[PDB]
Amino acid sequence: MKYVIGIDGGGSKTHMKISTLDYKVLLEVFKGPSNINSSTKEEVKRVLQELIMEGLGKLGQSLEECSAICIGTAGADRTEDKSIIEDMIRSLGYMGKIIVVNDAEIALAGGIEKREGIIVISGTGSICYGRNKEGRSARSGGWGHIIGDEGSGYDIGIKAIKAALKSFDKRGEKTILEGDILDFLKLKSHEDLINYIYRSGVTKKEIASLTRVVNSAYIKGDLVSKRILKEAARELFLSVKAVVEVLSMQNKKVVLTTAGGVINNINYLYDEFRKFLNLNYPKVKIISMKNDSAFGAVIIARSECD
C-alpha cells in the first residue's frame, strides 16, 4: 500500500521512480530536463505536477499513501531553491515528508548505498560531494556553467569550439575539431557556428554533446582533443582532492564513485582520472554506482520511513 517517490532532476532528463517500502520499483517515468536555474518557476512546477500525477495515475493511488518524496536536482543545495521546490509539491496537496537535496546527494546514495563516500558528477555540469567517517559533508565545484563546471561536458564542448576556432584563425594547433564540429552540428561555415552559439537558443546539453566529437577525434589520434580530455580529468581530480583535504581523508580509506556521461563513458578520461587518484590517494577505492540517482532518491526517501 505505502510507497515512496524518488525524483532525479538531472541535466539529461527528469527521472522518477515510485517504489514500495521493500524497494520494489513499481514504475519509472522520464520527462525533459527542467530546472528553476534555467526555466521559470511555472515551467518547473508544471513538469513536477505532471510527473507526479502521471505516475500516480498509472499506479492508481493517491498522494495519501505516499510516505515520502525525495527530489535531487542541480542547485537544490540552496535553501532558496529548497523552499520553492517544497512549495510546488505542497501545492499538489501532499502532506507527507519532502526531502529536497542537490543531485550529488542522491547520486551518492544510489551509487554507494551508504551515507559516507565521495561522488564525482561529470555530465552536462560537474561537482564533487563527499561525507567522511565523522558524518561531515563537503562539496567542491558545482558553480554552474558561467563560473564553474570545470571538467564537465559543457566545459569540454566550449573548449572544443575554442580550440576549433583557434585552429581556424591560426592562434592554435591544427585540430580536426575545426571541421568535425561543423559536421556534427550540420553547419556549413564558421559563421553558421556563431549564429548557432549566440542566437539559436542552444541549450547546455547541446553544447555538452560536443564531448562526443572530442571523444571521436581523440580515437582518430587528434592531439588537441586528447589534451582537452586529459585536462578535464585533471579538473575532476582536483575536485576530489579538495573534498578529501577538507574532510581530512588524505590518509584514510574512502569509497568513491562517478556519475555522468563524461566521466563514465570516455575510457581515456576515466583512466586518467583513476590514475591521478591512484597515485595521489591510493586508499581511495573507486567503484561503479550500484544504482542510478533516481533510486538514490528512493533510498533517501524510504530511509526516513519506518
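One rule holds for the numbers: they count along the sequence shown, beginning at 1.
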| item | value |
| --- | --- |
| Given 261 to 269 and 25 to 33, the range whose Cα B-factors average higher in the PDB entry | 25 to 33 |
| Which of 84 to 92 and 217 to 225 has higher mean CA B factor, as the PDB entry lists it | 84 to 92 |
| Out of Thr211, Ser137, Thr175, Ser200, residue topping the C-alpha B-factor column of the entry | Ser200 |
| Options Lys241, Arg46, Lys252, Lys275 - largest CA temperature factor per the record | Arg46 |
| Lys133 - Cα temperature factor, lowest/middle/highest third of chain | middle |
| Third of the chain's Cα B-factor distribution that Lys290 belongs to, per the entry | lowest |
| CA B-factor ranking of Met1, expressed as a third of its chain | highest |
| Chain thirds of CA B-factor: placement of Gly296 | lowest |
| Third of chain Cα B-factors occupied by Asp169 | lowest |
